[PDB]
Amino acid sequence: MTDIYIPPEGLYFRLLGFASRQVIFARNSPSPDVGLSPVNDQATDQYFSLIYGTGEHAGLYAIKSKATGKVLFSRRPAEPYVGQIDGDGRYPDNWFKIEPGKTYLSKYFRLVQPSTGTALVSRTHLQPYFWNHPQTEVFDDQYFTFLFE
């Protein structure tokens, strides 16, 4: 830990996008099993918790779905670029850095996957609505905030 807010391990939250105004979901379904859904749904499949990385993954976090138990991944170049997988963080592309925003994004943060060099995206208009982007090129649709029960 540092001064950066990190939810306690295991605490549930939803992840609201700055640009999209929607929350990520993860469900046990055939493809697609992840996406965005509306905040006022208040659905269990919009909840996640963090698994704290340890050893070489200290200071990174896996994002575990409450509804499925799988963790999110973010990758390039293999498609789909984002999704979920079992294993509580068994793969390198399951580990994220919480990177706080500056100026008008101080309540928000990016979710950057450092080894593949990608950042999660939550957007309107252009599909896929939940996706990623190379993390060197920053737009405000890469920003998220936590919502709690």
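We number the residues from 1 along the sequence you see.
- Set 101-109 against 78-86 and average the Cα temperature factors; 78-86 ends up higher.
- For the segment pair 52-60 and 110-118, the entry gives 52-60 the higher mean B-factor, averaged over Cα atoms.
- Across 68, 94, 31, 46, the entry's maximum B-factor at the CA atom is seen for 31.
- In the PDB entry, a CA B factor belonging to the lowest third of its chain's modelled residues is recorded for residue 14.
- In the PDB entry, a CA B factor belonging to the middle third of its chain's modelled residues is recorded for residue 138.
- Annotation for residue 146: CA B-factor lies in the middle third of the chain's modelled residues.
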